[PDB]
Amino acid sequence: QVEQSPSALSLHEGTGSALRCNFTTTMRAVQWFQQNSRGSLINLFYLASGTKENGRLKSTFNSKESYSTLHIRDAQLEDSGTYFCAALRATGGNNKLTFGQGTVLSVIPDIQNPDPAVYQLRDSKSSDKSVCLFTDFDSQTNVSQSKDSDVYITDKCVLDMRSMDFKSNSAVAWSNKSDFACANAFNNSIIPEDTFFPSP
């Protein structure tokens, strides 16, 4: 059996924290994974003893006390994902990794110059369809899901224009028909007071 903590972790961009795994029996060696958005497990560490360091990551494993840790410093956007520890039971007959519960790690993007606004975007192939874009709000703001069930609101997502070293959050809202407008799109949530609302 493996006990992993914490269950979830929201770390601000550029800050650090640590994950832990306790083992109820003797492990030959421990593996640490990062499971990204795609769902593919990235190898972080293999260690049967002591401490290993890999870039912004660091891992320690102590066989006697039957526990292992993983330290993350200077958190980046790509650090997001679910982190798993896994080990081989030295007393286990089946040759296999025993996995931890997992740590779902979220990285809060640092928005330097916020510019909250809601824009209206027309369909390229039609003249009736359009969507609403709440963008450039800082990461503090939460995007609450709609209640009308006729209107659809996605959660916020951060994009990175790498060449310009720029980052922005946005949420998309759309509706089939017909009373729906962008000025009332994101009002099931709390948007900033100085939000820029253009006049179509």
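Start at 1 and count along the sequence shown; that's the residue number.
- For the pair 121 to 129 and 69 to 77, the mean B factor over Cα atoms is greater in 121 to 129.
- Judged by mean Cα B factor in the deposited record, 137 to 145 ranks above the other of 42 to 50 and 137 to 145.
- Annotation for 175, 31, 169, 35: 175 ranks highest, by Cα B-factor.
- Ranked by Cα temperature factor within the chain, residue 17 sits in the middle third according to the deposited record.
- When the modelled residues of the chain are ordered by C-alpha B-factor, residue 98 sits in the middle third.
- Ranked within its chain, residue 159 lands in the lowest third, by CA B factor from the PDB record.
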